[PDB]
C-alpha cells in the first residue's frame, strides 16, 4: 500500500534505532521539514537523503526522525516506518504517534494536491495494516510543540481533515 518509496530506493543510511512503537498507534503528527522543497522523484529522493544526513551525522540520531516523509512529487518516502518510534514531536508524543513530514516550508506555500493525497492514502494504509487505529487523530506539529511547523498554509489544510482534532 501507499506505493511507499523504500529506504534503499532513496539511498538511505542504515537505521540503528531499536525502540518500537506499540501498535495500534492512536496519533499522527504532521510537520514540515522546513528544508528545501522538491517536485520530482530524483530531487525528493535527494532531499530525504539530505534530511537524514542532518539527523544522522549532525544531530547524532539513530535515523531520520520522521516515520514517513511526503514529497511534492506525490510520493511517500519511508523513514522509520510503522513500527519504529520516531524523533519528530518530543518525548511526550514520539512513542504514541506516527510522524509524517512534508518536505518543504509551508508558511507561504501550500503543498500540491498529490502530496496531500499521498498523505491521506498513507494513513489509510496504516489503518489497513493495523499500524494505526481506525479512529486515529491527526495533530499539527505546532499543536504538540512550540514551532511554526507544519507552516501556516499546510496547518490550515490539515485542520479541515476529518481525523484532525486540535
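Positions refer to the first chain, counted from 1.
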When the C-alpha temperature factors are averaged for each of 151-159 and 5-13, which stretch ends up with the higher value in the entry?
151-159
Averaged over C-alpha atoms, is the B-factor higher for 23-31 or for 93-101 in this PDB entry?
23-31
For 59, 127, 42, 51, the deposited C-alpha B-factor is largest at 127
Checking the entry, which one of 139, 117, 109, 55 has the top C-alpha B factor?
109
Using the B-factor values recorded in the entry, state whether the Cα atom of residue 132 falls in the lowest, middle or highest third among the modelled residues of its chain.
highest
